[PDB]
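Sharing a structure here in structure tokens format.
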Amino acid sequence: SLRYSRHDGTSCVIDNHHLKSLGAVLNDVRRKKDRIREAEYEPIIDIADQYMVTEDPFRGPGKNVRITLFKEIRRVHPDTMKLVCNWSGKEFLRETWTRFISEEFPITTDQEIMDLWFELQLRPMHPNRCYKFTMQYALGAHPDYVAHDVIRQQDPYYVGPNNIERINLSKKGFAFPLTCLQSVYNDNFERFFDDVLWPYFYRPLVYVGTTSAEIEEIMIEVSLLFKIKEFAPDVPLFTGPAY
Amino acid sequence: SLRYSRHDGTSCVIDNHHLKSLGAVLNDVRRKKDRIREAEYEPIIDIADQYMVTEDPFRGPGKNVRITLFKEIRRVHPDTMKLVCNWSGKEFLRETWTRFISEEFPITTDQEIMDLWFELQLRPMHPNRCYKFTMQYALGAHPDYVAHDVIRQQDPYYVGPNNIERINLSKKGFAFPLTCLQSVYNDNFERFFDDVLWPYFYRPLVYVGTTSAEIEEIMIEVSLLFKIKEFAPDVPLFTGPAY
Amino acid sequence: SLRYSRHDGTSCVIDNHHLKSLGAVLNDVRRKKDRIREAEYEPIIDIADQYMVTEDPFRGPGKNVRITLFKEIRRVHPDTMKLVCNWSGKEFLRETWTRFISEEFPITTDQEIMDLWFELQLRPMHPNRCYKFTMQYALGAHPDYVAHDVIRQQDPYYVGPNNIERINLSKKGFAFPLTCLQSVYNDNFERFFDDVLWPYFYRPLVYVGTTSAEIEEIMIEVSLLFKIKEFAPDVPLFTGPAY
Amino acid sequence: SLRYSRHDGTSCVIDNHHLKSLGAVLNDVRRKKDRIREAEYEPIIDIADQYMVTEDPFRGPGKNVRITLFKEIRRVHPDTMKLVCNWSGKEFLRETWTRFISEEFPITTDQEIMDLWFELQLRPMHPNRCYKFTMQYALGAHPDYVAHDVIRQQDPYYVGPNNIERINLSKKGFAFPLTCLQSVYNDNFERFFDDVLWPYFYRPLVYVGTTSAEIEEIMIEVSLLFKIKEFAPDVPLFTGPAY
Amino acid sequence: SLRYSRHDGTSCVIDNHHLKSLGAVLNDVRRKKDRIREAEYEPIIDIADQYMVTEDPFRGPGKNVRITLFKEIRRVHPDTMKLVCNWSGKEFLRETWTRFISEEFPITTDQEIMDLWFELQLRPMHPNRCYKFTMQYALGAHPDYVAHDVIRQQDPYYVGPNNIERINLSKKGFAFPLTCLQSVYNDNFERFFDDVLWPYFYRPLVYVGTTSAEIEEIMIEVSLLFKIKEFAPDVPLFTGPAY
Amino acid sequence: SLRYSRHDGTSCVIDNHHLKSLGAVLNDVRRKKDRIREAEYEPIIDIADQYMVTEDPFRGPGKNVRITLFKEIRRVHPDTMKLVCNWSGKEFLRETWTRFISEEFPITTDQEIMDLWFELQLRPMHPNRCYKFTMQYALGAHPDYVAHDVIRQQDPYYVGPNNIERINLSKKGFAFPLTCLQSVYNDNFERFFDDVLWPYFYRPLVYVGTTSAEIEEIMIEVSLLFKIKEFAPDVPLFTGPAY
Amino acid sequence: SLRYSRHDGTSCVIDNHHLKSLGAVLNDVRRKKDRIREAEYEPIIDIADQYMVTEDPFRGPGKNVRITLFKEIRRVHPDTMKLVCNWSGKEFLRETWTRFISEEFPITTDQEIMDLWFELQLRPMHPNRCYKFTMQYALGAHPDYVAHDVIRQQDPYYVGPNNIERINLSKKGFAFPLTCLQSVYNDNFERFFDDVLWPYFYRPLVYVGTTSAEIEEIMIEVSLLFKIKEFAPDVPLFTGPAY
Amino acid sequence: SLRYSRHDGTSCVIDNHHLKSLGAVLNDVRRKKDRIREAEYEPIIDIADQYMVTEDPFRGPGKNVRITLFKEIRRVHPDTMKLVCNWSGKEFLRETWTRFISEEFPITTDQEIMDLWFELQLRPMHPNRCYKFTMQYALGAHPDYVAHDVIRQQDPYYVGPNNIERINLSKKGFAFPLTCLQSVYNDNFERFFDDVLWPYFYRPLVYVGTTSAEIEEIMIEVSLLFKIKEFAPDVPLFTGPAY
């Protein structure tokens, strides 16, 4: 914070003559100089404004609901990656529906799920090390295909500086408990499962490795992160009967 | 613009000896220095070239066709947002088809609609204020669901510095008068409406608010913005009969 | 002027994701840096705000009324100054009252004279010279004292860069046609002269010289400059009868 | 001083061709760059020229006549101030008239006293100390009121870096030996004293302290400083009879 | 241009005290700093003033008279140069005398030709290219020697940035219509030709090429450029008879 | 001058260990940094070394002998130039030979005149002016041609910052008292004059003006400046007889 | 050399949207800034373009042919110079013609000698010294004049940083084996010598010294350097008979 | 290395006039500026030259003889240090004498050992770690005192960036095979041991730890480093008999 904001100095009148604080005046002069500079480089901004960047989805619009699923420890040999999860499509859906609904109910507002993200959080288990994390994934396979427990590293995703990676699970393939802007109805897992077309095909299969030249031990927390927008009316909640 | 471009100075020969303008020579020296600097930082550009930005869709390729729909005035209480539009899916389609086709005909070239954007333009109605605009939306709902006229603000979209927000309406869900690269055929709204699978489900429901701590009055102009690429042959138009 | 003001760039939404112009973002970053700098030096402004400067009386509040009196040419030997004016107190008052009143009538608003200034404007009469002007004055003398036509220079006032010097004539000694905030009454010079206590004592006696080592020729325009504040009611002027 | 002023380098003609010193040419180029810079910041000067500062009265116009009156040593306890002088109004006038007239006669030119200043000069009496001086004053009191010899410090004047403080004694209250632009007449103290209206009321009562946390010993020299403008005619002094 | 030149700010007197514009004062301070800097580097200028540069003959003293002779188009293979002109000495003299005299008459003032220059102006004939021009020449040969139409490039002159090359034709070898400071007499080509000693030997033989690796097409304008100094008396022209 | 040159600091040995002055060490570090910088910009020097400048002939090799001829005062109207000298060729030669030989004899060494220069020195006659000088000349004319006393200014030479202009008088046309590297022989003006081929044709005719918009008064000193190289043997001068 | 030249980054299209490398974009922004800077200082270049510099004759147009003549060792006392060569004019011509012709034949192309230079190359004979070289010369003398073997130093030429000095030998006085643009004819020294007008007068007489305060030992290599331009036709050389 | 050293550019003479490379001239100017800067800060060097630093003993005078003794692996718990060596004084002397003498013989020159250093070299045994080394030591103890194998860390020595620590073993306490400047005599360990006064008391007892919060594995190489100065005469080695 600041002390006087941009309201520094003051003024007074002596014998009709107007006095103003010297520091305030020097700020007016410095700001004029800055304004000229601002004009000087506006043409360069217009070249830059030919392009755009994307706002961070998690610091950006919508609220974050982190439905943590499980934790696991893996040791990973250099240049390899170990499988994090091997659920069937049915089991992933049971966890997705059950964990989200039980945590969120009662759902008291109209709302829409904007996005569903698979979140990997990675932490080292030993101090005084120096390495980074790597990641690979697939989003589907023949239901009788069982993923290899360990693979060799080949052009992986490099996990960001905060050791968190989030994979967007699109509306196609991956089913949501709440499809559109709606109010909740009586719902159950059997009804939900039956309305999914390809329940057994889509399932996240995620691998994790390091850039280390020695074995490392890793702690892993897996969550589903829901981006939700609510449409709450600007009205009171009353104890019944109202009025 | 410049005066001499990069063609400054000149040269001449006196007694076999070659004279050159001093300023031109000093520019050759300064440019050598710059070229060394350019080489010095090329390795840093290569690190930056590991990433990319997206070109602004509206200053970028394709032409812009702005089909303005209507204007409205709303007053918005602090920390709330008021509904801009509540059309049914059928009514949105009537306006989308009718307004686009009547404005654009005769369509005399092969062309494809790249994108359809919903544009909100926001202007204050009073001078000497200081606030920014906010926005929220949904793209569909049960046809018997009527949106709340006013909601409370919760993690909204912040409207950009130019007080314009544009929401992309994808080819899925939202139907286009011209689907692919094609030449226009005899067409009418009833034919068009009948070929849409879910006419009543998809409709933009958009809200608008401010960051003000007092009521503000807003003027709102809503348009549909079409990005179009034309494939006009490099041939003459003749008065009939040709040749 | 600027082109886009501080409203550069724009924003848009694609698949729920918020895009913003790169140049706008880079401006947000640069402005954060500047804001930190502003905080860093606010303590230095507070030291400076222990002192004040005076607003220029002529670019500042009140309007300027320049009642030009006369012009004269003088040649001035090096290290000397020549007398500009030698009026008696009575003659100065006749010119002050007569010239101001005739030029300003009809005076249709309530107003007060804030200040009366004696203005010397100095211009050279030859090109390709290089010198500055000097000034000395007295504001009164025994009425039988006649000022020397020419004096030697001794610690004079140095005239400012614009070759204009203005000497404030205070309310004490020098009488004003309008004393306080008032509406004009029937007035005449004999009434005015009779109400002045010491009409013959106060008179500006002004000298002018140069910093040149040769004789120079000077053109001189002398004016009385009145600072006036008006209190005009916020009402219409009607043709009689009103309403 | 400089060596060649701004007259560096030279020129010559060989076979009709004009040669000029390289250093002179490089100065022409550098000065062009500076001239552009000067234009670039002229708008900022105009913002600054909305305000004014006051020229130092003692380095500025008029000559300085320092009529030293007396010296004194005082020891001052921390957070207190000791009285410098306790003259009656009559005694101050005797010293002011007598000391000025005896020192200045013969007064051989027409002149006017612009201002009368009371000057305090303060010097430490011990080496290897570190403190600043403070000052307070009053300009009048009931003639039977005797000032306290020592007071506590409360929001004093802080003496400037050169350990000199000068207090302006205005024409109102404090009488001058020479009122206006005049030539000296036969004059005496009794005539002078009788023409003063309130001789016993106005007298400078001045206190002095330090910012030290220990007792300090101070040497004090008190003077009256007269600002005078002379109007000496540009004529010879001859031995009589002239011509 | 500037707005106030170096005459910014102003001054005024209030109660004997001299006020000056703050911006003007800050300029005085900044200029003092610059003056110190100027003194600091004057010793470096003196080292530079040990050497000299030559003033551009065409922007410099004397007037320019451009007697254009002809235009031509040539296509030039890479690493070769094509002959621009192959006149005999007699034909060059006929063109030089005839074109200069007919264009300049009536010659009404005393004047001297300072220098005669052969000017090549080179322009590309296609857009979207990137190359520079080259030049070679000889100033004489046995009159029965016919120059090769095309030669290979070997250490040529590189034409300056403005695509103009000018070759000085000295007073020795190349004859002038006006030798010295003179008034024109009755003159004719046969008289002129007869007074030249070696009319058939001296003739400009000029070649032109490029730095391109492909054939390029060039447009060429050839002129004779005369540097002339006139000695026009400071007298009126009258209609006869005078006075 | 410097104090310690580049021999700062010192060294000593304590218990076999070598100590060196810290400032000397810091200079070694700073000089390493500078040496890297020197290498970094050597490629830029090589681009600059493609061109050359000419050493000032008067600060450069050979000694200067200034044979002053005469002084004159001229007043010059704006945009005109007045003739400085109108000698015939014979009279110029008499002054050149006579003044040089009488001043230089006895000539006791073998020597050669490198160059002969006509020097104009220009000084203003009034203070507090601001203008520059201009120059024009011719080096020959029909002996019966008398130059106009005053001409209008048209593309003149601009005199250098030091108000000195020097025109080279070449070996062709203008005859020297000493042609080549030689020892003086018995010589006289009649012998000298007879060996000149065109004594009456070559004579400097020089004009002088200003950039002033008013008449200016000028003082002019004209000299002949001789550049001479001596070949003095490294031997003693003895009183005769030697040894 | 560079790695990617100015072709860094790339572009691609995803869902109609155009992506571009971030580093490429940042370069576009930086180059815009530079372009503004370039415009800002173009007015300063125009002041500099009022003057010109001369291209180095040896790095510039024409080829270099270095006809080395001889080497010599001289020891030079401080403040003196020793004679390098004392050939008669005839002997200099024999060496000039003979050495050039024998080295260059067969001369198979049309060519012209642009310039003839006398080259002094100077090298020290001892390590760990610190001095510079000096030079003086004369280009002619009475044929019976024998130059002093050693002279005292007086305003000499200072040899350049590379310890090479080159003196231009003009077409006047010094005769060339090939005068103009010509093809070689049968030629011999007696024919050549007979066509020279003053064979015995012109001869380079060159001296060499140092800036050392002790005797120094010097190694000296003397060459004649010929600047030649060739006019080689763009045609094949065939074995006879052609075609 | 550099390309032209500080011998850039060149010089030449045309028509008596001296030309010099522009880049060389610009270097002369830049070096003048630097020389002024050098003078400007020489007073600051003199303040710095009040203090001294010590030359690195191993990069400094004398040669280095590294007599490696042994290697060892230790694992070290956090905040502890493990003993590197526990030799008795007798065993340390046997290794010191035996290893030095056997490696160095034949010793063929007069020489003196300046210093004896105990060197610890430390390397990690695992990759992807991040820690520093610590060290403690004692130089003597009662011969029946056996050092603890492991101690806790308390204010240790921090090993330098290169993971090498060297402890000086002074001439007092620690005996040298060669005491002073001498030539080798017949010598043996029993003679050597008998001349040491306190053979059993002095022995290096050295500990090693880390700054790690986990166990680390370390590889350790221990050497004795001898600083030696040789006095080799400047004479030939001959095969016997000499001459």
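Per-chain numbering from 1; labels A, B, C, D, E, F, G and H assigned in written order.
Everything below uses one rule, namely that a contact is a pair of C-beta atoms (placed from the backbone, for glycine too) under 8 Å apart; a residue touches a chain by one contact, two chains touch by 3 or more.
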With residue numbering as the guide, point to the option in E-G, B-F or D-E that repeats B-G in over half of the contact pairs. D-E
Between the pairs D-G and D-E, the one where more C-beta pairs touch: D-E
Just how far, in Å, is the C-alpha centre of chain G from the one of chain A? 71
Whole-Å separation of chain centres (CA-atom averages), chain A against chain H: 55
Multi-chain contact residues (two or more partners), chain H: 4, 8-10, 12, 14, 17-22, 24-25
Applying the document's contact rule, which stretches of chain C touch chain E when the two form their complex? 53-54, 56-58, 117, 137, 157-168, 170
Chain E-touching residues of chain D, taken from the complex the two chains share: 2-4, 8-10, 12, 16-27, 34, 38-39, 42, 44-49, 51-55, 57, 60-62, 114-115, 227
Residue ranges of chain G touching chain D (in the complex, touch as defined): 40-41, 43-44, 47-48, 51
Contact footprint of chain H on chain A as seen in their complex: 126-131, 212-214, 216
Which positions of chain A touch chain D when the two form their complex? 20, 25, 28-29, 32-33, 36
